[PDB]
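Structure file my_file_16.csv; described as CSV, C-alpha atoms and all ligand atoms.
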```csv
chain,number,residue,atom,x,y,z
A,1,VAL,CA,25.2,-22.9,20.9
A,2,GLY,CA,25.7,-25.9,18.6
A,3,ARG,CA,23.4,-24.9,15.7
A,4,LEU,CA,24.1,-25.5,12.0
A,5,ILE,CA,22.8,-24.3,8.7
A,6,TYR,CA,21.4,-27.3,6.9
A,7,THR,CA,21.0,-27.4,3.1
A,8,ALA,CA,18.9,-30.1,1.6
A,9,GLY,CA,18.5,-31.1,-2.1
A,10,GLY,CA,18.8,-28.7,-4.9
A,11,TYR,CA,19.6,-28.8,-8.6
A,12,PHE,CA,22.7,-29.0,-10.8
A,13,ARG,CA,22.1,-30.8,-14.1
A,14,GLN,CA,19.6,-32.9,-12.2
A,15,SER,CA,17.9,-32.7,-8.8
A,16,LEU,CA,20.1,-33.6,-5.9
A,17,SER,CA,19.9,-35.7,-2.7
A,18,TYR,CA,22.6,-33.9,-0.8
A,19,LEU,CA,22.1,-33.0,2.9
A,20,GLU,CA,25.0,-30.8,4.1
A,21,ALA,CA,25.4,-28.7,7.2
A,22,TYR,CA,27.5,-25.6,7.7
A,23,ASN,CA,28.9,-24.5,11.1
A,24,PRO,CA,29.2,-20.7,11.2
A,25,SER,CA,31.4,-21.0,14.3
A,26,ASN,CA,34.2,-22.8,12.5
A,27,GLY,CA,33.6,-22.7,8.8
A,28,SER,CA,33.2,-26.4,8.4
A,29,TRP,CA,30.8,-28.4,6.2
A,30,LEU,CA,29.5,-31.8,7.0
A,31,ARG,CA,27.9,-34.2,4.5
A,32,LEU,CA,25.0,-36.0,6.1
A,33,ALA,CA,22.5,-38.7,5.1
A,34,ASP,CA,21.2,-38.2,1.6
A,35,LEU,CA,17.5,-37.5,1.0
A,36,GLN,CA,15.6,-40.7,0.1
A,37,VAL,CA,14.5,-39.0,-3.2
A,38,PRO,CA,16.4,-36.3,-5.0
A,39,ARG,CA,14.5,-33.0,-5.1
A,40,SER,CA,14.9,-29.4,-6.2
A,41,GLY,CA,12.4,-26.6,-5.5
A,42,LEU,CA,11.7,-27.9,-2.1
A,43,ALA,CA,11.6,-26.0,1.2
A,44,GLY,CA,13.1,-26.8,4.6
A,45,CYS,CA,12.0,-26.0,8.1
A,46,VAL,CA,12.5,-27.1,11.6
A,47,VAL,CA,10.0,-28.1,14.3
A,48,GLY,CA,11.0,-29.6,17.7
A,49,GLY,CA,14.6,-29.9,16.6
A,50,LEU,CA,13.7,-32.0,13.6
A,51,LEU,CA,14.5,-30.9,10.0
A,52,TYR,CA,11.7,-31.3,7.5
A,53,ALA,CA,12.0,-31.4,3.7
A,54,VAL,CA,8.8,-30.4,2.0
A,55,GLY,CA,7.7,-30.8,-1.7
A,56,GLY,CA,9.9,-30.1,-4.7
A,57,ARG,CA,10.4,-32.1,-7.9
A,58,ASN,CA,12.8,-34.8,-8.9
A,59,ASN,CA,14.3,-33.8,-12.2
A,60,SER,CA,16.1,-36.9,-13.3
A,61,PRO,CA,17.0,-38.7,-16.6
A,62,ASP,CA,14.1,-41.1,-15.9
A,63,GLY,CA,11.6,-38.2,-15.7
A,64,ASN,CA,10.3,-35.2,-13.8
A,65,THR,CA,8.1,-36.0,-10.8
A,66,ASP,CA,6.6,-33.3,-8.6
A,67,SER,CA,6.7,-34.2,-4.9
A,68,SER,CA,3.9,-34.2,-2.3
A,69,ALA,CA,6.4,-35.6,0.2
A,70,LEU,CA,7.2,-34.5,3.7
A,71,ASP,CA,10.3,-36.2,5.1
A,72,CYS,CA,11.9,-35.7,8.6
A,73,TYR,CA,15.6,-35.7,9.4
A,74,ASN,CA,16.6,-36.3,13.0
A,75,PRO,CA,20.2,-35.0,13.7
A,76,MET,CA,20.4,-37.4,16.7
A,77,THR,CA,20.3,-40.4,14.4
A,78,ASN,CA,21.4,-39.0,11.0
A,79,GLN,CA,18.3,-40.7,9.5
A,80,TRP,CA,15.5,-39.5,7.3
A,81,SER,CA,12.0,-40.8,8.0
A,82,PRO,CA,8.9,-40.3,5.8
A,83,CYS,CA,5.9,-38.4,7.2
A,84,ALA,CA,2.4,-38.1,5.9
A,85,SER,CA,2.3,-36.7,2.3
A,86,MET,CA,0.5,-33.4,1.4
A,87,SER,CA,-2.8,-33.4,-0.5
A,88,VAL,CA,-1.1,-32.4,-3.8
A,89,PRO,CA,2.4,-32.3,-5.3
A,90,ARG,CA,4.1,-28.9,-4.8
A,91,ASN,CA,7.2,-28.0,-6.7
A,92,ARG,CA,8.7,-24.5,-6.2
A,93,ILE,CA,7.0,-24.4,-2.8
A,94,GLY,CA,7.3,-22.0,0.2
A,95,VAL,CA,6.8,-23.1,3.8
A,96,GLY,CA,6.5,-21.4,7.2
A,97,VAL,CA,6.0,-22.6,10.7
A,98,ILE,CA,3.5,-21.1,13.2
A,99,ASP,CA,3.3,-22.5,16.7
A,100,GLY,CA,4.7,-25.9,15.8
A,101,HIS,CA,2.7,-26.4,12.6
A,102,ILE,CA,4.1,-26.5,9.1
A,103,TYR,CA,2.3,-24.5,6.4
A,104,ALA,CA,2.9,-25.5,2.8
A,105,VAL,CA,2.1,-22.7,0.4
A,106,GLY,CA,1.4,-22.7,-3.3
A,107,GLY,CA,3.8,-24.3,-5.8
A,108,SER,CA,3.2,-26.1,-9.0
A,109,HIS,CA,2.1,-29.5,-10.2
A,110,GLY,CA,2.8,-29.8,-13.9
A,111,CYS,CA,1.1,-26.8,-15.5
A,112,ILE,CA,-1.1,-26.2,-12.4
A,113,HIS,CA,-0.2,-23.2,-10.3
A,114,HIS,CA,-1.6,-23.6,-6.8
A,115,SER,CA,-3.3,-21.1,-4.6
A,116,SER,CA,-4.0,-23.8,-2.1
A,117,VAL,CA,-2.4,-24.0,1.3
A,118,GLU,CA,-2.2,-26.8,3.8
A,119,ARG,CA,-1.1,-27.2,7.4
A,120,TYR,CA,0.8,-30.1,9.0
A,121,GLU,CA,0.4,-31.2,12.7
A,122,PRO,CA,3.6,-33.2,13.7
A,123,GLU,CA,1.9,-34.6,16.8
A,124,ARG,CA,-0.8,-36.2,14.8
A,125,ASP,CA,1.1,-36.7,11.5
A,126,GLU,CA,-1.7,-35.2,9.5
A,127,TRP,CA,-2.1,-32.5,6.9
A,128,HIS,CA,-5.3,-30.5,6.4
A,129,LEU,CA,-6.1,-27.8,3.9
A,130,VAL,CA,-6.7,-24.2,5.1
A,131,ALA,CA,-7.9,-21.2,3.2
A,132,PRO,CA,-6.2,-20.7,-0.2
A,133,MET,CA,-4.3,-17.6,-1.1
A,134,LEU,CA,-5.9,-14.8,-3.1
A,135,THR,CA,-3.4,-15.5,-5.8
A,136,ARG,CA,-1.9,-18.6,-7.4
A,137,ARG,CA,1.8,-18.5,-6.7
A,138,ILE,CA,4.7,-20.7,-7.6
A,139,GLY,CA,8.3,-19.8,-6.6
A,140,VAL,CA,6.6,-18.1,-3.7
A,141,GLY,CA,8.6,-16.8,-0.7
A,142,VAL,CA,7.2,-17.5,2.7
A,143,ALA,CA,8.0,-16.3,6.1
A,144,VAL,CA,6.4,-16.0,9.6
A,145,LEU,CA,6.5,-13.0,11.8
A,146,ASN,CA,4.5,-12.5,15.0
A,147,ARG,CA,2.4,-15.6,14.3
A,148,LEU,CA,1.3,-14.3,10.9
A,149,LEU,CA,2.2,-16.0,7.6
A,150,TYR,CA,3.4,-14.0,4.6
A,151,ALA,CA,3.4,-15.2,0.9
A,152,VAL,CA,5.6,-13.0,-1.2
A,153,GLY,CA,6.0,-12.7,-5.0
A,154,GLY,CA,6.2,-15.7,-7.3
A,155,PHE,CA,4.6,-16.6,-10.6
A,156,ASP,CA,0.9,-17.1,-11.2
A,157,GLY,CA,1.1,-18.9,-14.6
A,158,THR,CA,1.2,-15.7,-16.6
A,159,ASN,CA,2.9,-12.9,-14.7
A,160,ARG,CA,5.8,-12.7,-12.2
A,161,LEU,CA,4.5,-10.9,-9.2
A,162,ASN,CA,5.4,-8.0,-6.9
A,163,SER,CA,2.3,-8.7,-4.8
A,164,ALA,CA,2.3,-10.2,-1.4
A,165,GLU,CA,-0.4,-11.4,1.1
A,166,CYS,CA,-0.7,-12.3,4.8
A,167,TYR,CA,-2.6,-15.2,6.4
A,168,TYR,CA,-4.3,-14.5,9.8
A,169,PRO,CA,-4.7,-18.0,11.4
A,170,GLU,CA,-7.5,-17.1,13.8
A,171,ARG,CA,-9.7,-15.9,10.9
A,172,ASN,CA,-8.4,-18.5,8.4
A,173,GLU,CA,-8.2,-15.6,6.0
A,174,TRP,CA,-5.7,-14.1,3.6
A,175,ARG,CA,-5.4,-10.3,2.9
A,176,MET,CA,-3.2,-8.5,0.5
A,177,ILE,CA,-0.4,-6.4,1.9
A,178,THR,CA,1.6,-3.6,0.2
A,179,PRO,CA,3.3,-4.9,-2.9
A,180,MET,CA,7.0,-5.0,-3.2
A,181,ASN,CA,8.8,-2.4,-5.2
A,182,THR,CA,10.3,-5.2,-7.4
A,183,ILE,CA,8.7,-8.1,-9.2
A,184,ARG,CA,10.3,-11.3,-7.8
A,185,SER,CA,9.8,-14.9,-8.5
A,186,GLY,CA,12.0,-17.6,-6.9
A,187,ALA,CA,13.4,-15.1,-4.4
A,188,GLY,CA,14.6,-15.9,-0.9
A,189,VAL,CA,12.2,-14.7,1.8
A,190,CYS,CA,12.9,-14.7,5.6
A,191,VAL,CA,12.2,-12.7,8.7
A,192,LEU,CA,14.7,-10.7,10.7
A,193,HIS,CA,13.7,-8.5,13.6
A,194,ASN,CA,10.4,-6.8,12.7
A,195,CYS,CA,10.7,-7.1,8.9
A,196,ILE,CA,10.1,-9.6,6.1
A,197,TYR,CA,13.1,-9.6,3.7
A,198,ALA,CA,12.9,-10.5,0.0
A,199,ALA,CA,16.3,-11.1,-1.6
A,200,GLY,CA,17.0,-11.8,-5.2
A,201,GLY,CA,14.7,-13.7,-7.5
A,202,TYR,CA,13.8,-13.4,-11.2
A,203,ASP,CA,11.7,-10.6,-12.6
A,204,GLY,CA,10.9,-12.1,-15.9
A,205,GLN,CA,14.0,-10.7,-17.6
A,206,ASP,CA,16.9,-10.9,-15.1
A,207,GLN,CA,18.1,-12.5,-11.9
A,208,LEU,CA,18.2,-9.9,-9.2
A,209,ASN,CA,20.7,-8.9,-6.5
A,210,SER,CA,18.4,-6.3,-4.9
A,211,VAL,CA,17.0,-6.9,-1.4
A,212,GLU,CA,14.0,-5.2,0.2
A,213,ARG,CA,12.3,-5.5,3.5
A,214,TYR,CA,8.7,-5.1,4.7
A,215,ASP,CA,8.2,-3.4,8.1
A,216,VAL,CA,5.0,-5.1,9.4
A,217,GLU,CA,4.1,-2.0,11.5
A,218,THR,CA,4.6,0.7,8.8
A,219,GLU,CA,3.5,-1.4,5.9
A,220,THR,CA,6.3,-0.2,3.7
A,221,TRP,CA,9.0,-1.9,1.6
A,222,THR,CA,12.5,-0.4,1.8
A,223,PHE,CA,15.6,-1.5,-0.2
A,224,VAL,CA,18.6,-2.5,1.8
A,225,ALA,CA,22.2,-3.1,0.5
A,226,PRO,CA,22.1,-5.5,-2.6
A,227,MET,CA,23.8,-8.9,-2.5
A,228,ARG,CA,27.1,-9.2,-4.2
A,229,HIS,CA,25.7,-11.8,-6.6
A,230,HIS,CA,22.4,-11.8,-8.6
A,231,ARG,CA,20.6,-15.0,-7.8
A,232,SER,CA,17.3,-16.8,-8.4
A,233,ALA,CA,16.2,-20.0,-6.7
A,234,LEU,CA,18.4,-19.2,-3.7
A,235,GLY,CA,18.2,-20.8,-0.2
A,236,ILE,CA,17.8,-18.4,2.7
A,237,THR,CA,17.8,-18.6,6.5
A,238,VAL,CA,18.5,-16.5,9.6
A,239,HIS,CA,21.0,-17.4,12.2
A,240,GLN,CA,22.2,-15.2,15.2
A,241,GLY,CA,20.8,-12.0,13.8
A,242,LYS,CA,22.1,-12.3,10.2
A,243,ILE,CA,20.7,-13.5,6.9
A,244,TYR,CA,22.5,-16.2,5.0
A,245,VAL,CA,21.8,-16.8,1.3
A,246,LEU,CA,23.0,-20.0,-0.3
A,247,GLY,CA,23.5,-20.8,-3.9
A,248,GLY,CA,21.1,-20.1,-6.7
A,249,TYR,CA,21.5,-19.2,-10.4
A,250,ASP,CA,22.9,-16.0,-11.7
A,251,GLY,CA,22.1,-16.4,-15.4
A,252,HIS,CA,25.5,-18.1,-16.0
A,253,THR,CA,26.5,-20.3,-13.1
A,254,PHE,CA,24.9,-22.4,-10.4
A,255,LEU,CA,26.5,-20.5,-7.5
A,256,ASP,CA,28.4,-22.1,-4.6
A,257,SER,CA,28.5,-18.6,-3.0
A,258,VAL,CA,27.1,-18.1,0.5
A,259,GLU,CA,26.6,-14.5,1.5
A,260,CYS,CA,25.7,-13.1,4.9
A,261,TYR,CA,23.8,-9.9,5.6
A,262,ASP,CA,24.6,-7.9,8.8
A,263,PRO,CA,21.6,-5.6,9.5
A,264,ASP,CA,23.6,-3.3,11.9
A,265,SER,CA,26.1,-2.3,9.2
A,266,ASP,CA,23.7,-2.9,6.2
A,267,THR,CA,26.4,-4.9,4.4
A,268,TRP,CA,26.8,-8.3,2.8
A,269,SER,CA,29.9,-10.4,2.9
A,270,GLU,CA,30.9,-13.8,1.4
A,271,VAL,CA,31.3,-16.2,4.3
A,272,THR,CA,31.8,-19.6,2.8
A,273,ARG,CA,31.2,-21.7,-0.4
A,274,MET,CA,29.0,-24.7,-0.6
A,275,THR,CA,30.8,-27.9,-1.7
A,276,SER,CA,29.4,-27.5,-5.2
A,277,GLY,CA,27.2,-24.9,-6.9
A,278,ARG,CA,23.5,-25.6,-6.9
A,279,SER,CA,20.1,-23.9,-6.9
A,280,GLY,CA,16.7,-24.7,-5.5
A,281,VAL,CA,17.8,-25.9,-2.1
A,282,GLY,CA,15.8,-26.1,1.1
A,283,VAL,CA,17.5,-24.5,4.2
A,284,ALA,CA,16.9,-24.5,7.9
A,285,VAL,CA,18.8,-24.2,11.2
A,286,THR,CA,18.9,-26.8,14.0
A,287,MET,CA,21.3,-28.5,16.4
A,288,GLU,CA,24.4,-30.3,15.1
A,289,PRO,CA,24.0,-34.1,14.5
A,301,LIG,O1,15.9,-26.6,-10.5
A,301,LIG,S1,15.8,-25.2,-10.0
A,301,LIG,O2,16.5,-25.1,-8.8
A,301,LIG,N1,14.1,-24.9,-9.8
A,301,LIG,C1,13.5,-23.9,-9.0
A,301,LIG,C2,13.7,-23.8,-7.6
A,301,LIG,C3,13.1,-22.8,-6.8
A,301,LIG,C4,12.3,-21.8,-7.3
A,301,LIG,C5,12.2,-21.8,-8.8
A,301,LIG,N2,11.4,-20.9,-9.5
A,301,LIG,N3,10.1,-20.6,-9.1
A,301,LIG,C6,9.5,-19.8,-10.0
A,301,LIG,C7,10.5,-19.4,-11.0
A,301,LIG,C8,10.3,-18.6,-12.1
A,301,LIG,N4,9.4,-17.5,-12.2
A,301,LIG,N5,9.4,-17.0,-13.4
A,301,LIG,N6,10.3,-17.7,-14.2
A,301,LIG,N7,10.8,-18.7,-13.4
A,301,LIG,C9,11.6,-20.2,-10.7
A,301,LIG,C10,13.0,-20.2,-11.3
A,301,LIG,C11,13.7,-18.9,-11.7
A,301,LIG,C12,14.3,-19.7,-10.5
A,301,LIG,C13,12.8,-22.8,-9.5
A,301,LIG,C14,16.5,-24.1,-11.3
A,301,LIG,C15,16.7,-22.7,-11.0
A,301,LIG,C16,17.3,-21.8,-12.0
A,301,LIG,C17,17.7,-22.3,-13.3
A,301,LIG,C18,17.6,-23.7,-13.5
A,301,LIG,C19,17.0,-24.5,-12.6
```
Kindly transcribe the structure held in the file into structure tokens.
Ligand SMILES: O=S(=O)(Nc1cccc(-n2ncc(-c3nn[nH]n3)c2C2CC2)c1)c1ccccc1
Amino acid sequence: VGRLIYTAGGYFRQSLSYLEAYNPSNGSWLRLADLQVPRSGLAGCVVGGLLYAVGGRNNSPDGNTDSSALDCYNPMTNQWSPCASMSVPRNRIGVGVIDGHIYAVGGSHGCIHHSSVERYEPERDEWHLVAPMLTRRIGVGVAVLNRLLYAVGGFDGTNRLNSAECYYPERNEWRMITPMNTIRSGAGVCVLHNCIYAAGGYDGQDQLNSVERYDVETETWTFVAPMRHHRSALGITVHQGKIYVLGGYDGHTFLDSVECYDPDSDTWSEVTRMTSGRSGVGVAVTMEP
């Protein structure tokens, strides 16, 4: 009990510093301490009950600055603290956690599209590079299942991608997996039960509402019910056996919609609205502050 869905940063007109937390048990939102630097295109994750904001870009009137930053929010104090920075700025990043370590995957720095990957050790406050992906990927969806790290879709600088790959830590090696049925860049990717879900994204022409899942045993991708709203640059997380998608861009509006997927019924429902529409947030779940 006592866990909230935290949304950090995002974009509406400019990059945002908001940190807000939604309580599924009572529908409430809390506004918490702002990020030190506004950022969109970041990712969130949690290790040891602390929330981390990783990478992104500050789109502002004074300029556009890609972020190498790692910042840590402690719900007990409602304070952000800087951590060691990554080796390189990474906007439109994906992150995943394996055994207490944060993997930062891909992303962009100006016109550079990264294949590089680095791993953070909270106990030592150090980053180190690991093997790079087989493909350069920005807007990459990342998730961890059974202590394996998946990188899904994205944009390589020329093509939006349906391809996906998996990192096997004990071999420090990436291998391609079955490609998705749909090209998706800037999708939401998460794990639920024994599958990697990819929701929404942009296929080069349209924002998507379709959702597909990769069963890691059978190596197949299967479509599930589509979301009510097409969305790119959505936030995504899992909480108590359901997927939550937050915001994004539908080609017309920066959405405030939050939808929730129930895998038992294979249905999506609208569960709340963010306090304002935005895209490009980072999202994770930890204890209330
Ligand atoms: O400020 S945003 O939130 N930035 C952002 C954040 C997270 C991921 C991505 N992302 N990553 C690769 C691509 C991409 N692939 N092919 N074309 N585009 C994108 C874009 C399409 C969503 C972008 C922002 C979003 C939508 C409209 C205006 C601003």
Selection within 6 Å of ligand LIG 301 (chain A) by all atoms listed in the file, output as JSON, numbers by chain
{"A": [10, 11, 40, 41, 92, 138, 139, 154, 155, 160, 185, 186, 202, 204, 232, 233, 249, 279, 280]}
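Near segment 259-269 of chain A, within 8 Å and counting all atoms listed in the file, sit residues 224, 225, 226, 227, 228, 241, 242, 243, 244, 245 and 246 of chain A, not including residues fewer than 6 positions from it in the same chain.
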Mind pulling up the distance from atom CA of residue 58 of chain A to atom CA of residue 37 of chain A?
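Straight-line distance from atom CA of residue 37 of chain A to atom CA of residue 58 of chain A works out to 7.3 Å.
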Measuring atom to atom with all atoms listed in the file, identify which of A:90, A:13, A:175, A:128 is nearest to residue 140 of chain A.
A:90
Which distance in Å separates atom CA of residue 168 of chain A and atom CA of residue 147 of chain A, to one decimal?
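One can read the atom CA of residue 168 of chain A to atom CA of residue 147 of chain A distance as 8.1 Å.
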Taking all atoms listed in the file into account, name the residue in A:53, A:19, A:112, A:274 that is nearest to residue 289 of chain A.
A:19
Just how far from atom CA of residue 271 of chain A is atom CA of residue 230 of chain A, in Å to one decimal?
16.3 Å
Within 6 Å of residue 150 of chain A, counting only C-alpha atoms, which residues qualify if same-chain residues fewer than 2 places away don't, as a list in words?
residues 142, 143, 165 and 166 of chain A
If I only want segment 126-213 of chain A, can you write it with C-alpha atoms, as a compact mmCIF listing (two decimals), in the first residue's frame?
```txt
# COMPACT_ATOMS: atom_id res chain seq x y z
CA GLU A 126 29.14 6.03 -10.90
CA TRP A 127 28.18 5.44 -14.52
CA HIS A 128 30.06 3.09 -16.82
CA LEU A 129 29.47 2.32 -20.49
CA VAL A 130 28.39 -1.20 -21.48
CA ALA A 131 28.06 -2.77 -24.91
CA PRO A 132 26.22 -0.53 -27.40
CA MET A 133 23.02 -1.61 -29.11
CA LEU A 134 23.13 -3.09 -32.60
CA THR A 135 21.07 -0.11 -33.81
CA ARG A 136 21.12 3.61 -33.13
CA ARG A 137 17.81 4.45 -31.45
CA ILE A 138 16.22 7.66 -30.23
CA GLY A 139 12.69 7.67 -28.85
CA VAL A 140 13.48 4.10 -27.80
CA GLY A 141 11.17 2.14 -25.52
CA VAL A 142 12.94 0.20 -22.79
CA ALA A 143 11.76 -2.40 -20.33
CA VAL A 144 13.19 -5.18 -18.17
CA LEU A 145 11.74 -8.66 -17.79
CA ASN A 146 13.44 -11.58 -16.04
CA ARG A 147 16.69 -9.59 -15.67
CA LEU A 148 16.96 -9.02 -19.43
CA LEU A 149 16.84 -5.49 -20.95
CA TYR A 150 14.77 -4.79 -24.07
CA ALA A 151 15.14 -1.84 -26.45
CA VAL A 152 12.12 -1.44 -28.71
CA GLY A 153 11.53 0.70 -31.80
CA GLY A 154 12.67 4.29 -32.08
CA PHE A 155 14.31 6.31 -34.85
CA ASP A 156 17.84 5.71 -36.16
CA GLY A 157 18.34 9.05 -37.89
CA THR A 158 16.73 7.91 -41.15
CA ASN A 159 13.99 5.36 -40.46
CA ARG A 160 11.44 4.84 -37.74
CA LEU A 161 11.86 1.29 -36.51
CA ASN A 162 9.83 -1.84 -35.89
CA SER A 163 12.97 -3.66 -34.76
CA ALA A 164 13.80 -4.59 -31.18
CA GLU A 165 16.76 -6.09 -29.34
CA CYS A 166 17.64 -7.64 -25.99
CA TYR A 167 20.66 -7.18 -23.73
CA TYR A 168 21.99 -10.19 -21.82
CA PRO A 169 24.01 -8.75 -18.93
CA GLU A 170 26.15 -11.79 -18.16
CA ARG A 171 27.45 -11.75 -21.74
CA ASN A 172 27.45 -7.93 -22.14
CA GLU A 173 25.80 -8.57 -25.49
CA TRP A 174 22.81 -7.40 -27.52
CA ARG A 175 20.82 -9.65 -29.85
CA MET A 176 17.92 -8.84 -32.15
CA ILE A 177 14.51 -10.18 -31.21
CA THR A 178 11.45 -10.62 -33.41
CA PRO A 179 10.44 -7.19 -34.79
CA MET A 180 7.14 -5.64 -33.86
CA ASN A 181 4.27 -5.72 -36.31
CA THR A 182 4.20 -1.90 -36.32
CA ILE A 183 6.87 0.77 -36.75
CA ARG A 184 6.90 2.80 -33.54
CA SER A 185 9.06 5.70 -32.40
CA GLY A 186 8.34 7.52 -29.17
CA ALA A 187 6.06 4.73 -27.93
CA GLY A 188 5.49 3.69 -24.33
CA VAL A 189 7.12 0.39 -23.44
CA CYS A 190 6.66 -1.51 -20.20
CA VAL A 191 6.49 -5.02 -18.78
CA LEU A 192 3.38 -6.74 -17.50
CA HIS A 193 3.34 -10.42 -16.57
CA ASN A 194 5.52 -12.30 -19.10
CA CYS A 195 5.24 -9.75 -21.93
CA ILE A 196 6.83 -6.54 -23.14
CA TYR A 197 4.10 -4.09 -24.20
CA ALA A 198 4.58 -1.36 -26.80
CA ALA A 199 1.79 1.22 -26.83
CA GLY A 200 1.30 4.10 -29.22
CA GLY A 201 4.15 5.96 -30.83
CA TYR A 202 4.70 7.61 -34.19
CA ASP A 203 5.20 5.57 -37.35
CA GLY A 204 6.52 8.37 -39.57
CA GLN A 205 3.02 9.39 -40.71
CA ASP A 206 0.59 9.10 -37.78
CA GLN A 207 0.43 8.90 -34.02
CA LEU A 208 -0.76 5.43 -33.03
CA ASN A 209 -3.36 4.00 -30.67
CA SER A 210 -2.45 0.37 -31.30
CA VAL A 211 -0.77 -1.73 -28.62
CA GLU A 212 1.14 -4.97 -29.06
CA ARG A 213 2.94 -7.30 -26.67
```
